[PDB]
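Nothing in this text is a laboratory measurement; each read-out follows from the coordinates by a stated rule. Cβ: placed from backbone, ideal geometry, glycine included. Neighbour counts: every protein chain shown.
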RNA sequence: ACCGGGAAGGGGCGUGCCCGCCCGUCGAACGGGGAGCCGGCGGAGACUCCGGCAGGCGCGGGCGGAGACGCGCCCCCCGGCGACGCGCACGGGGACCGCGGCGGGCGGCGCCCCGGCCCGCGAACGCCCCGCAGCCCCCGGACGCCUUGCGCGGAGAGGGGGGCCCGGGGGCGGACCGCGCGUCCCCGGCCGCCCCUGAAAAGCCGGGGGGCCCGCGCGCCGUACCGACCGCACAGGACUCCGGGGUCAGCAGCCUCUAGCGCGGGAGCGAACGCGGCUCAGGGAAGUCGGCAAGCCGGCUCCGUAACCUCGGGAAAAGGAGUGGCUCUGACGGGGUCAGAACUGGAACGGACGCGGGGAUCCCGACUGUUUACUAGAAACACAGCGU
Ligand SMILES: [K+]
Ligand SMILES: [K+]
Ligand SMILES: [K+]
Ligand SMILES: [K+]
Ligand SMILES: [K+]
Ligand SMILES: [K+]
Ligand SMILES: [K+]
Ligand SMILES: [K+]
Ligand SMILES: [K+]
Ligand SMILES: [K+]
Ligand SMILES: [K+]
Ligand SMILES: [K+]
Ligand SMILES: [K+]
Ligand SMILES: [K+]
Ligand SMILES: [K+]
Ligand SMILES: [K+]
Ligand SMILES: [K+]
Ligand SMILES: [K+]
Ligand SMILES: [K+]
Ligand SMILES: [K+]
Ligand SMILES: [Mg+2]
Ligand SMILES: [Mg+2]
Ligand SMILES: [Mg+2]
Ligand SMILES: [Mg+2]
Ligand SMILES: [Mg+2]
Ligand SMILES: [Mg+2]
Ligand SMILES: [Mg+2]
Ligand SMILES: [Mg+2]
Ligand SMILES: [Mg+2]
Ligand SMILES: [Mg+2]
Ligand SMILES: [Mg+2]
Ligand SMILES: [Mg+2]
């Protein structure tokens with residue numbers, strides 16, 4: 001048939017936040033549906049890798065329990081960075097004092 | 001089977017720019033595409049990322065170096081002379 | 001909209017959280033209109049009998065078939 | 001334009017409203033022979049700068 | 001494959017004259033299976049019951065659309081424009097005037 | 001009028017204390033941004049109305065795990081999201097597009113026809129399950145694992161069992177059935193490139209340390225229509241979005257489904273002469289300042305290719321041969337391609353369309369690039385390099 005559609009947004013300039021997909025409606029029609037940009041999840045302050053356990057949703061829409069991890073420095077350090085801070089702290093105390 | 005006889009990586013340039021320039025680039029461009037040794041990794045995985053900036057793809061350490069090679073010969077001598085001056089400061 | 005297990009259905013009724021119920025014959029569909037969601041339960045006609053008798057007298061029921 | 005300020009809309013709205021003929025009873029009342037209002041305008045040949 | 005049945009009703013085929021054996025005879029000789037006509041009497045049998053043709057088979061199945069094709073072929077001889085073939089139910093066609 | 005930090009520059013509260021270095025509620029109807037989908041109704045409006053189903057922001061009535069990880073606030077400091085380049089390829093999803101079945105409806109019908117045409121529809125949102133790559137945990141201690149390409153491992157591989165992310169898919173809600181080659185759009189993991197390394201802020205959140213269900217509402221402005229715009233009215237000029245079928249390497253040319261249908265008006269005649277086209281015996285640049293104009297060549301496959309050279313080129317050098325239709329065969333793991341053979345037709349086949357003429361030399365400028373908008377595109381300017 002003819003499946004061509006018109007633009008859905010205020011202007012037609014196809015920037016990165018004005019992308020649509022196509023879908024067939026229950027009245028036998030081809031509709032346009034915006035495709036949102038997906039934000040990154042938080043990244044480790046020491047290593048720059050994705051923090052595990054947090055979904056790629058803006059934190060305004062996630063419950064408080066969903067935004068956290070259950071460890072000291074839960075969403076700041078990646079687990080390996082914590083263990084390295086713990087060892088540095090304990091061992092320097094053992095060398096700046098008692099030889 | 002070998003594909004060129006002399007030009008090597010400068011075959012990408014065709015017949016342009018003359019022989020003296022292409023001779024210089026073969027040496028320079030071979031050097032900046034090379035793999036160098038992590039001074040820490042001890043593995044051969046250092047690659048240039050910008051002029052002066054070298055990263056181990058295994059350590060993930062980042063280092064400051066030459067424009068087209070990891071170590072320059074002036075900096076090797078400087079490090080060698082600076083080290084001997086410090087140890088001499090020790091009584 | 002969402003589906004529901006039968007036991008949760010009466011409790012919403014038992015706490016006056018429903019506004020209207022509809023019985024639909026096709027397996028029978030029971031649709032309850034709460035403040036937040038419309039809930040739908042599917043049962044055979046044998047099962048829907050007892051549930052409707054339990055039906056809260058404060059909860060308007062309607063029927064539908066065609 | 002479909003995207004105009006309310007201030008430009010109001011000045012355009014006044015040129016539309018006053019773009020009219022002399023009423024015929026006014027022509028009888030004031031005893032006129034010039035009957036055309038020469039302050040009228042037409043969209044194809046106008047340059048409203050508003 | 002199994003056995004299915006179809007039928008075409010010619011109830012409006014009384015005031016104008018239409019033999020039921022001829023229409024049965026037409027279908028009997030023209031039915032093709034795999035673009036051939038050897039091995040049809042042993043799969044597809046035309047009956048005449050209720051003034052309507054009946055096609056009972058045994059082990060052969062096919063589309064109801066072909067039973068409509070043989071109807072407009074046989075009707076094309078001296079009924080060009082008299083009948084429109086319409087669906088009344090499952091397996092049954094009905095002949096209707098204009 | 002123009003120019004500007006060196007100025008005793010304001011806040012939280014609750015008195016009274018405490019904290020504090022110093023502008024902008026200027027600048028984007030394409031950048032950033034809390035949240036919308038389906039059906040219906042009108043002469044002219046709809047993501048705005050009506051019906052239905054949702055979403056956002058407000059206001060009032062300490063536990064489980066071995067582990068990766070799972071399941072109220074306030075101030076000071078440390079962080080995160082917002083937040084980002086280009087590229088040949090490879091992979092996944094959606095939409096589109098085809099072939100076959102089956103269900104309903106059409107058309108024409110001299111012969112043939114189960115062979116032609118049209119219609120077979122399912123959103124946002126909520127709950128459960130499933131998700132390659134990629135990063136992480138546990139055991140344990142290595143001549144392997146693996147990509148089209150790579151890549152990885154005693155700084156702990158493979159194997160066995162797990163965790164997290166994944167713009168997606170399924171099932172139930174909201175409420176006809178299979179199989180394929182491609183095309184476009186977005187996404188993924190890699191790899192390549194740079195004397196080029198590819199915005200900012202509001203707003204929202206986490207960490208460390210210290211002190212401590214039911215109701216109601218959402219104001220202001222734009223919203224019709226148009227290439228109806230600028231060129232004194234007009235073959236000029238004027239940004240972006242969506243993009244079916246056949247032939248085909250194809251967004252080329254040529255024909256077409258859907259949709260749409262103006263372009264200062266008609267008729268007769270068939271002179272010269274013009275303007276845009278076609279064909280010409282024999283000769284083949286003798287024409288002309290000058291091959292100006294026109295013509296020859298051209299797709300694909302195989303054969304065959306010199307001087308010279310900065311060794312990269314020259315090169316489609318130059319030159320040759322084959323090519324339709326039909327009936328078949330072989331190869332690759334359902335799909336097109338590639339290879340071969342018989343038969344046949346005015347001695348034909350890239351049958352329209354599309355589509356280099358070639359070679360031997362001399363002068364100038366190395367090269368791609370730039371210019372006298374409206375008589376000059378060049379040998380002029382620029383350029384890397386070299387030098388002062
Ligand atoms: K408007
Ligand atoms: K005007
Ligand atoms: K001054
Ligand atoms: K601005
Ligand atoms: K802008
Ligand atoms: K804006
Ligand atoms: K940005
Ligand atoms: K912290
Ligand atoms: K409107
Ligand atoms: K004449
Ligand atoms: K003349
Ligand atoms: K000549
Ligand atoms: K010419
Ligand atoms: K052939
Ligand atoms: K020049
Ligand atoms: K060029
Ligand atoms: K000129
Ligand atoms: K010129
Ligand atoms: K030129
Ligand atoms: K010039
Ligand atoms: Mg502003
Ligand atoms: Mg914007
Ligand atoms: Mg409209
Ligand atoms: Mg940006
Ligand atoms: Mg409009
Ligand atoms: Mg001639
Ligand atoms: Mg001559
Ligand atoms: Mg002469
Ligand atoms: Mg030049
Ligand atoms: Mg040029
Ligand atoms: Mg000029
Ligand atoms: Mg010119």
Condition check for residue B:72: within 28 Å of residue A:47 (Cβ to Cβ), out of contact with any helix residue (DSSP H, G or I) (no Cβ under 7 Å at 6 or more places or on another chain) and surrounded by 11 or more Cβ atoms within 10 Å (Cβ to Cβ): no
Selection count, the stretch E:1-31, where residues are surrounded by 11 or more Cβ atoms within 10 Å (Cβ to Cβ) and not in a helix (DSSP H, G or I): 15
Selection from chain D of residues that are in a loop (DSSP other than H, G, I, E, B), closer than 30 Å to residue A:11 by Cα and more than 16 Å from ligand 2 (Cβ to nearest atom): D:2, D:3, D:5
